[PDB]
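Consider the single chain below, provided in structure tokens and representing the form solved without the partner chain.
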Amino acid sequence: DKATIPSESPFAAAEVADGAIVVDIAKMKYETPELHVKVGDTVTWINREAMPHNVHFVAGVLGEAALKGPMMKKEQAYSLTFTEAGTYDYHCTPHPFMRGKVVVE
């Protein structure tokens, strides 16, 4: 497994940690679709819109099993800590046309 999860469930946008690396979700898109971070960094998605969304990494990306994140409602957030270098593609489960990637160096 190449990621650890600070919080299995979503939490309010206001509760996002100081210093967070943030990807907003708005207008049916990941607003930073190509994010560059370092091994060990935590990325936090924040959903800005009324339509709930998640992040979903297919099997073979963060590990052997898919990682289907929980749905973030409006003004909710979710974090993943990347523990290995690589380019990690993801999508929103019911909106697979929404795609993004985290490049971990």
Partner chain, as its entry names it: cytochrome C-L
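Between two forms, the rigid core is the largest collection of C-alphas that superpose within 1.5 Å. Numbering follows the first chain given and starts at 1. Only residues modelled in both forms are compared.
Beyond the structure shown, there is the form deposited with the partner chain bound, which is absent from this document and is the topic of what follows.
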The partner chain contact at residue 41 in the entry with it bound, heavy atom, 4.5 Å: no
Residue 63: touches the partner chain in the entry with it bound, heavy atom cutoff 4.5 angstroms: no
Threshold 2 Å Cα movement between this form and the one not shown for residue 85, core superposed: no
Did residue 12 shift 2 Å or more between this form and the one not shown, C-alpha, core superposed: no
Regions of at least 3 residues displaced between this form and the one not shown by 2 angstroms or more (CA, core superposed): 17-19
